């Protein structure tokens, strides 16, 4: 029926994969579902996003957010809250693919790609080399650590990770605050276009169609306002379908570019949103529509529980979560793929576009290591570092 409330405060970080939440406002999708007063509010960092979610709207914060997939788990459990575990749900996956790992210009001669091994000897020439990611335990932290580890480098020994807000990654590499960094579009392309670094890889090269951002919300708000949560979800799904169309990419990027939103040159956004990749460092530009950010095709929006389980397993890999943590159990509480299916059913979303199972099956990483959701311990046992 009708939403219990007509407003919600949704945070986003200035990244192309926040597009569905922004387009839902700009193209009137929230209003179409009875919530024309939704606020889409830019957050300064993942740390402030976490702060505002712990606060909640009643205390001046936010009700939900475009967010890194591990965050709703770390916030619900409490590890990143300093004594304030706050329950959350994941209502949808906002996107798959589309993040980037960059290197400073000092690494140009090495022409590094998916094989990070050449960085081992190079990092040794640096006193306490840092690599930047976006939030501890978050997606970019997992991607850059996975890439460096496949290349034989160990966090705490060969390099240290540091946190830099996404919109500040380019400014930081300019002042040599780190040797390498991982962040989502549009920042990898802006790095290339400004000539302040080059790109080693786009993340769909590390894990094909990898889960990335989630549409997360405080569980108290969803449990109190189930009809409004369904309305927001349907609005986000329609915005995802809109953003996923080739014919709408130009308009999407013009909207994101505006001072109202990212205040980022259109040129730093459009090419990647079309799968056109210039990694810099003299490397020839190439096109690849399969590794670009996707918001709907290939079941991108469906929040697979097996994907959430991988993030928790990778967090265990690095010690962010206790070993043995019952990952299946917490995913069954936080992941609301059931709400996603109810919303997709209410809309059309053709049957073949609605997954029959919460697992996407075995996942294969670029180094051939595989994750079988039925045995996460075997996955960890297969990793050297």
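Positions refer to the first chain, counted from 1.
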Mean CA temperature factor from the deposited coordinates, higher in 91 to 99 or in 171 to 179? 171 to 179
Of 208 to 216 vs 154 to 162, the stretch with the larger average CA B-factor in the entry is 154 to 162
Among 332, 26, 337, 51, the highest C-alpha B-factor in the PDB entry belongs to 26
C-alpha B-factor winner, where the candidates are 141, 268, 128, 314: 128
State the tercile, meaning the lowest, middle or highest third, of residue 305 with respect to the CA B-factors recorded for its chain. lowest
Looking at the temperature factor on the CA atom of residue 264, which third of the chain's modelled residues does it land in? middle
Sort the modelled residues of this chain by their C-alpha B factor and say whether residue 351 lands in the lowest, middle or highest third. highest
Residue 146: CA B-factor among chain residues, third -> lowest
Would you check the entry's CA temperature factor for residue 39 and let me know if it's in the chain's lowest, middle or highest third? middle
